[PDB]
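Coming up is one lone chain in C-alpha cells, specifically the form deposited in one PDB entry.
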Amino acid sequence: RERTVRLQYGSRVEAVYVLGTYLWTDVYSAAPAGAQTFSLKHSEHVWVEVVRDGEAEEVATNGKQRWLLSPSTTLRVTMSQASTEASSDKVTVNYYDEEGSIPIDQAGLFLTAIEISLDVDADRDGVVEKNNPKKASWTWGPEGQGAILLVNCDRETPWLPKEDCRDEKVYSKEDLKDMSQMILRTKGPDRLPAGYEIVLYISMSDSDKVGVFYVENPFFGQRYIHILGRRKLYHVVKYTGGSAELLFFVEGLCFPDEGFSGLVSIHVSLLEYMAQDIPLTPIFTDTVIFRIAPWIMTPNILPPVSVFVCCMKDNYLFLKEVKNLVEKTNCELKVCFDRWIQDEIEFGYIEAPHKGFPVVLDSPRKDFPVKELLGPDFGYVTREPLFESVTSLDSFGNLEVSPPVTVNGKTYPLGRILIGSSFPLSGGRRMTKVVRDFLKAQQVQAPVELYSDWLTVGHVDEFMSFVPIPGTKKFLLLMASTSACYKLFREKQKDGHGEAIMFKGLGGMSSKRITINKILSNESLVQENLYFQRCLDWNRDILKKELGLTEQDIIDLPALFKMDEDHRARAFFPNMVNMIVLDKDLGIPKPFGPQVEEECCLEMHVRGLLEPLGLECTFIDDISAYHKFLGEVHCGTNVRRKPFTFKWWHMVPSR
C-alpha cells in the first residue's frame, strides 16, 4: 500500500510509518522558489529511492548526488523494521540554487516505524496466525478462508435466566471458550509519537451482532471488560511498547437471518490528532471479518446421543418399552413427566473450528417459551412472529431434515431441511415467515417445502421419515401409504380374516367392533383414502425431485386416515412412519391392527419389509394407557444426535 507523505516548505515533517506500507514523498513543493537541484541523506533503516517519471533508483545513506527539481521527480520511502529507542529514522533533503554547491534550504522527514496488525484465525485451525492476508474476506469451501464466530447462546451459570449473549457482561472464564480470539499485535518504541492513538471500532449496524471483551488481571482477580458491542462503537487502546500483543475475545449475538448475512467486521485504526474541533485522521486501518456460524439440524441417520421422552407418569408400557429399546443402544434416556417435546423443540447445533455445542430452536408460542434446557454448552434460540398468527404448521413435528443427498450433480453434504406447507394458490396454512426466513438464512441446509396441509395436524412427520440401511452408507425414505393398507386388508379378507378385529385391548374402542370387513365396506372411507394417497404421491414426487431419490430408495408403510370437516386427514390407527430411529434399532408406534393368528397383521407386514434389511423393529405402545385411539398421539420423543463430521464451512452454497 502506497501512502502520500509530502515534505513541507521550510520545515520538518514527523510521521508514523506503518510496516507493510510505503511512502511516496514529494520533495518539490518544499523547495524554495528558484531552487534548481536537490540532494538527500537518510538513515540506516530507511530505504530511499529517487523516482524520476516512473524510474526508481536506490540512494545511499550519505551521498553527494544531486537531481534536478521536478514535480515528476519524487522519493519512494520504505522501512522493513519497527523503530526502537535506539532509532533515529530520517530522510533529509537539501536544496541548491543555480550557482554554488552549499545548500540554500533543507526539508526533512522524521519517521517512527511501528507494526500494527489485527489478527484472527482465518485459516480455521483454532490458532490465531500472524497477519493472514485473507483475514479481510470470507470465502466458502475447503480452500476457503476467514474467521468464524459462534452465537454465544448457551448459559454458563444457573443464577441468571438469560442466554450469555443477552447482556454486555462476562462472569465466568468458561464463557471465553465459546468465543473467538482476536489479537492486536504491535511493535514499536516506548510510546507513540505526540498526536497519535490506536482505536478499535465497529459499525452501528454490527453493534447488536457482536461483543468484544478484554481480560485484565488486576490485584483482586481476573475481570472481563466489554470494549465493543451494544452501545459501544469504539475503544481507545492503551499502547505498550516493544513487541506486544493484546488478546480479545469475540462473541456473536445473533444468528444469520432475513436481512443479516452473518458477516461482521472489526477494525483498528491509527488516528492522527489535527486540531481542536477537527476530527482525527485515520492514518492506517486494518480490518478482520467474522462469519457467524449457522444453526444446523440433524437427520435420523446421525448417531444418537440422548433420547428425550415426555409422557404421563403412569404410562408404564410406553416407558418400559422405550427403556428397553434404548438399552439396546448406548444412548442416554431422559424423561419428563404431552407432545411438547417433539412439537416445541428442535435440537440443532453450531460449530466453529475452536468449539461447538448443541442448540435448541424453540417453536413460536403455548403462552411461554421452554427455556429450561438452556445451560452450559446447550444453547437456545427462538423466533416469534410480530404480526402473523401461529398455526399447527409452526410446530416442529413439521420441521425435519434429510440425510446428505446429491441432486442433479449438486451435493448437499448436511442434507436439506423439510417443512410442510400448502399449495401456492390454495389459501391454506403455511409455517410463519419469521421461522421460514430463519431456516433459509442458515443456508447450509437449503430448505424444501413439502405438502402437509392435507393433514388436520399438518406435519411432515405424520407421513414420511428416513432410516439408515445397516452396514452401508445408504438410507431409505419411508412413506405412509393408504394403498398398501388396502391391499393388505383385501388380502387378509380373501384369506378368510374379514372378521379380524382392530384395536384389540383398547376397551374404549370395543363397542365400535371395527373389523377388516367393516373398513373395506365403507365406501366413503375408500374414496377419502384414494384422495389421501394422491396427496402422499404428490409429496413422493417432490421428495424424489428435490432429494435425488429413485423408487429404489423408498419403502411404503401401510397407513389409513379419516377425513374431517375441512377435508383434512387424521390417522385412523397410529402412524407407524413416525418412529424413533436409533441406528439399526427402530421404535415403531404400535398400530393395533387386525389380529391374524394372534399377531397384528400390520406389525407382521412391517417386519417383513424392514427386517430383511437388518433393521430391528420394536413396537411401542403409547395408547393403551388411554384405552382408545382418536387420532391423537399423547407422548413424544426427540433424539439429540452427534453433529455431521463434514464441516459446514467446507460447503459451497448457491449464490
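Here the rigid core means the biggest group of C-alpha atoms that line up within 1.5 Å when the two forms are laid on top of each other. We number the residues from 1 along the sequence you see.
- In the comparison with other entries of the same protein, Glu14 is given coordinates in all of those covering both sides of it, so it never reaches the one-third threshold.
- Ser510, though modelled here, lacks coordinates in at least a third of the other entries of this protein that were compared and that model residues flanking it.
- Coordinates are given for every residue of the deposited sequence from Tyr234 through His235, so that no gap is recorded there.
- A chain break between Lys371 and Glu372 is not present, all residues of the deposited sequence in that interval being modelled.
- Between the stretches 179-187 and 315-323, it is 315-323 that shows the larger average CA temperature factor.
- The deposited model assigns a higher average Cα B-factor to 67-75 than to the other stretch when 67-75 and 112-120 are compared.
- The top Cα temperature factor in the record, among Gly397, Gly229, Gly505, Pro403, falls on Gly505.
- If you compare the C-alpha temperature factors of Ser269, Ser465, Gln445, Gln81 in the entry, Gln81 comes out highest.
- Ranked by Cα temperature factor within the chain, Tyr17 sits in the lowest third according to the deposited record.
- Split the chain's modelled residues into thirds by C-alpha temperature factor. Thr482 is in the lowest one.
- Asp622: CA B factor in the highest third of modelled residues in this chain (values from the PDB entry).
- Among the modelled residues of its chain, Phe387 has a C-alpha B-factor that falls in the highest third, as given in the PDB entry.
- Sort the modelled residues of the chain by CA B factor and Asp367 lands in the highest third.
Keep in mind that the form deposited in another entry is not shown, yet the notes after this line are about it.
- Shift analysis on the rigid core between the shown form and the other one singles out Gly397 from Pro468, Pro358, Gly397, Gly262 (C-alpha displacement of 2 Å or more).
- If you fit the rigid core between the shown form and the other one, you'll see the Cα of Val307 move by less than 2 angstroms.
- Fitting the two forms on the rigid core leaves the C-alpha of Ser80 displaced by under 2 angstroms between the shown form and the other one.
- Relative to the superposed core, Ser101 undergoes a Cα shift smaller than 2 Å between the shown form and the other one.
- Figure legend: C-alpha atoms of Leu549 and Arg430, shown here, are separated by at least 3 angstroms more in the other form.
- Three angstroms is the minimum change: in the other form, the CA atoms of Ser426 and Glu449 sit closer than in this structure, by 3 Å or more.
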